[PDB]
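*Asks:* here is my input; please provide its structure:
(3 chains)
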Amino acid sequence: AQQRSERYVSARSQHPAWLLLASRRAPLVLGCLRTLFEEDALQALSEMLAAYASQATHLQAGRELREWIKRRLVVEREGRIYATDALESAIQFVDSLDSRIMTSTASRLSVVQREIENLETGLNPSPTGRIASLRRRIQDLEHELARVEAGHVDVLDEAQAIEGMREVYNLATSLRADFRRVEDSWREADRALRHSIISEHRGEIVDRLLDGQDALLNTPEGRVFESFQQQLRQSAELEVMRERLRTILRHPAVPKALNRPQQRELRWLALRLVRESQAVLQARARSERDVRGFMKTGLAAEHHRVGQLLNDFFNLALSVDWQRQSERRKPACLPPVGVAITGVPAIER
Amino acid sequence: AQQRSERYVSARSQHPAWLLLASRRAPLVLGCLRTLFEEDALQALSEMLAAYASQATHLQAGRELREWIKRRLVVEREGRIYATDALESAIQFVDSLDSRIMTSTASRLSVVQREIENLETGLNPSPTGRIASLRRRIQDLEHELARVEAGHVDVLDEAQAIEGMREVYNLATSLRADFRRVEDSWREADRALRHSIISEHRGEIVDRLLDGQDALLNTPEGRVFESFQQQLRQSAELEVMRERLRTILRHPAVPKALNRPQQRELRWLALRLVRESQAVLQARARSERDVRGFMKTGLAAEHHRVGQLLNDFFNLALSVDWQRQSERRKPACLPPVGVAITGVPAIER
Amino acid sequence: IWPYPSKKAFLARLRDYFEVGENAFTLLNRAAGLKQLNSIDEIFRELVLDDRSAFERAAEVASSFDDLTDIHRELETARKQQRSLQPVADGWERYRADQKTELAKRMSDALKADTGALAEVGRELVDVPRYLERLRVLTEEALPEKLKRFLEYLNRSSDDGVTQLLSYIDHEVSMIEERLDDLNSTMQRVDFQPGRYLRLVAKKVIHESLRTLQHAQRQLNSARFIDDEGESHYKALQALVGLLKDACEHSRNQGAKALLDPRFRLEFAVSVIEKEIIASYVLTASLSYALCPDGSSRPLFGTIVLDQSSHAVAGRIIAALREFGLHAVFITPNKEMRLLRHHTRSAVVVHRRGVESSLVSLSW
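*Replies:* Numbers count the residues shown, from 1 in each chain, chains lettered A, B, ... in the order given. The structure is reproduced below:
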């Protein structure tokens, strides 16, 4: 019980999402960032911060943007800004305060029961139990078919139909939750690999890594994403799912269950899923290519020794008197590099 | 796009959960409240606020408790404190920052596909397509049985087993999400009914409501909860679910998928679900009984009249000079009520 | 060299180079073409102090209130519809216990107040359930949502709207008083008369509009403790918003400017603990205070421009300028070329011939 409070305090101090939520300008920052991912970031942030004085804009806009970049809420790669998982967690929390779909329903209970049955029968190696389960399910389906042949077709009521539609939307919309998480997982592996290469720099490690064709940057989330995207490619079931969704969306009870944006999201589910899954493998390939290029450049030892020398110089610099203009202007010991020759004074000759 | 920022600002200003998260003492309040729901609130809050000075006590503890009561983060019924939905939403957000189960997996995709198929076949009233679907499913099950009879029993791998266990836990733990939401829905209906009775007070409305035996306090969440708890009572499937859960929890891969608290939560799922569902109907019954008692007391007209008179007096009181001691001590006109005897008959003996 | 294709960044860099505030150059421009030394209150309220009126926020507050009135109207319409629909539900219970005429009358009354929900519904007994369903939709879904939105808008408008404006005005008045105290402090190091120095005193003024505004504010504060689902609070806020609207409508009156302009909420007086000399002393002290980095007494920017009185009248202005440490450039027609020869030691002459002008700089 005591450790929970310490964990909460640590999360409050460190985690980017809670810091963003507790920030002074949280609502406008959240709105602007969410609009963006749907210089230019700095310009739009300044524009939004302009007509919200209430409660020198361009200076504080840049200061806050660099503060969030430091906190790793957003990431800067070369000259571009990319979103992380903390931003999406904050957005999900904020925009769920208005409308949240209930999960204490009968449909969710039936789904849970069927899923538990499926898992339990899938973990069983004995063949006799499998045969018994198959026979029981076949008999139940045959009984239902016999009942239906007598003219007892069952149709969900309006309330049950609305409940089912909302539950299906809630389950289907959760497949995009962890797309940024995989990329965040790969970036830290990249950083750790580069740090290990620099601190080691031994050329044998670099040569061995370059020689092998086995891919680097392996993480637990990457394997889960690979397993997901492999099954995503089996179009023989994606087509059936899309057709069933199209059939479902043409029902009288749809307007009372979902509004326009939700209907749009359910309408283009498969296309958007495939399109967004294809945009993560490219990021992984780019990361691996950049790592291999950095390794092939071969300037790690220079970085290490220049860092050591800079640390020595900075340690020494604390023992001099910077308050005297005489010492601040004393000539140092550094050679001329990139000498630009004096213009010949012929001028007009 | 512009309206989203306004909505975010309104939610920041008004919603209790965001206010709690943005408060100064948020981690301590969250920890103490979560420990409690697992006068005395004042003592525990003061104790926890004591050894965290860093960064009176009892006065500020009381001020904080009354501030959160005013903001409706918690409710005070007679002499006790009860939790609301905002507190649980904030707790869920805070403790999801450490470990969150992935939903971009293959098991979730399979569940979504099966659920979509079931829903789509549920809304179809034609007696011809249903027979076709039944025959197709029976044929597929027969083919799988034929394959299994040849000695091709399929068993999930270790990674697939872990993924399935984590997904089952994630789906099953979501059945308790909206238990406080129903009670919050009933409380506001009670409050609105009492306000309408007072503002009307017409005796015909009260007599008509008292005469009828039809239950009051009807809300959309109440009907969903009733439908859920009706199916919860069919023990013929609860026993099977509990037995399957017990069978699942005895697997070698369990320690690598779930830790001890998660195994405990999955172990006692059905008992806790039934026990917590039985504790909401009693709250509804208490609310209805209290409303009927208030209606039977018959003092609404007096409340309305005294409110009007107090408003008139308070409006008049703004036009006198309270800065003069002469006027503050000027005798008013109010009769002696509850006259005690003059101490004694002045005969001590 | 530093080029700027933008006056905003150029002026920011300029104000950073000479460690001055954001209003020093504006004040220098105001006192560089001032025609006549008017009354002390007028001079201090028009030249030394800068315009920071709140006429802009009042329009936004009024617009927000006008937006809130629509939500209030929607809530009232919903309540009116429910009150009309309830007797139909009572009549159906009576019928299930002739009375068809009364039920038809009630259904007609219900249809009278409808706004499209009961578009095409007759008085047939088969239509009675339809009415009932509508009533349920009013009781459980529409009214709670409308009430919640109305309460949220009311609280936000009452807290982030009219409440912060008056606090801002009071804060501006406090800042003016503090700056006046600082100016009095920096004006002590001078002798207007032998062993005598000036002092500035600020006194709050009173007005009928101010009293009405304060009484309305007290009513708004007192109306928040009632439990009427926000009706009394809305009524109390309406009068205050109306007062602000009336003040903002005519922004060229003493009463209206006494509400939304902080500079008109004070009256200034001068003590000798002469009008031209006093005005010049106050203007010079203000200029010296503006052109001085905090914690320092030596200006980095020294040149100022002045216009324009016997020899003794102007003999003290030069002494004050030299004491405060400011360099001066005077503008004067060919009228006072007798005393400037004694103080100024150079001259710039402008000759106009046709549509062209030439400058010649010469000493005396």
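
*Asks:* need the helices for the stretch 151-300 of chain A, in chain order.
*Replies:* A:158-172, A:179-199, A:203-211, A:220-232, A:235-249, A:254-257, A:260-267, A:269-297, A:300-316 (DSSP state H, counting those that start in this stretch).

*Asks:* need those in JSON lines with mean neighbour count and distance to residue C:94, can you?
*Replies:* To be clear about C-beta, it is placed using only N, CA and C from the backbone, and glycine gets the same treatment. Output for those, formatted as JSON lines (neighbours: other Cβ atoms under 10 Å in any protein chain shown; distance: least, Cβ to Cβ, whole Å):
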{"stretch": "helix A:158-172", "mean neighbour count": "19", "distance to residue C:94": "30"}
{"stretch": "helix A:179-199", "mean neighbour count": "16", "distance to residue C:94": "62"}
{"stretch": "helix A:203-211", "mean neighbour count": "12", "distance to residue C:94": "89"}
{"stretch": "helix A:220-232", "mean neighbour count": "16", "distance to residue C:94": "63"}
{"stretch": "helix A:235-249", "mean neighbour count": "14", "distance to residue C:94": "44"}
{"stretch": "helix A:254-257", "mean neighbour count": "14", "distance to residue C:94": "32"}
{"stretch": "helix A:260-267", "mean neighbour count": "14", "distance to residue C:94": "43"}
{"stretch": "helix A:269-297", "mean neighbour count": "14", "distance to residue C:94": "53"}
{"stretch": "helix A:300-316", "mean neighbour count": "11", "distance to residue C:94": "91"}
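
*Asks:* just put those helices in a markdown table and tack on distance to residue B:275.
*Replies:* Below are these laid out as a markdown table (distance: least, Cβ to Cβ, whole Å):
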| stretch | distance to residue B:275 |
| --- | --- |
| helix A:158-172 | 24 |
| helix A:179-199 | 36 |
| helix A:203-211 | 57 |
| helix A:220-232 | 35 |
| helix A:235-249 | 36 |
| helix A:254-257 | 32 |
| helix A:260-267 | 35 |
| helix A:269-297 | 38 |
| helix A:300-316 | 62 |
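
*Asks:* relative to residue B:75, which of the ones you listed is closest?
*Replies:* helix A:158-172 (28.0 Å; Cβ to Cβ).

*Asks:* so, in contact with chain C or not, the closest one?
*Replies:* No: Helix A:158-172 lies out of reach of chain C by Cβ under 8 Å from any Cβ of the partner chain, never closer than 12.3 Å.

*Asks:* interface residues of chain C facing chain A?
*Replies:* C:160, C:164.

*Asks:* send me stretch A:289-308 as CSV with only the CA atoms.
*Replies:* What follows is stretch A:289-308 as a C-alpha-only set of coordinates in CSV (Å, rounded to 0.1, in the frame of the first residue of the first chain):
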residue,chain,number,x,y,z
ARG,A,289,19.2,1.3,-42.8
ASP,A,290,20.2,4.3,-40.7
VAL,A,291,21.9,2.1,-38.0
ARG,A,292,23.8,0.2,-40.7
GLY,A,293,24.9,3.5,-42.3
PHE,A,294,26.1,4.9,-38.9
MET,A,295,28.1,1.7,-38.3
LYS,A,296,29.6,1.8,-41.8
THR,A,297,30.7,5.5,-41.3
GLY,A,298,33.2,4.4,-38.5
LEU,A,299,33.6,7.5,-36.4
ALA,A,300,32.6,6.0,-33.0
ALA,A,301,36.1,6.0,-31.5
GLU,A,302,36.6,9.7,-32.4
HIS,A,303,33.3,10.5,-30.7
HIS,A,304,34.4,8.7,-27.6
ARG,A,305,37.8,10.3,-27.2
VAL,A,306,36.5,13.8,-28.1
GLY,A,307,33.8,13.4,-25.5
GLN,A,308,36.5,12.4,-22.9
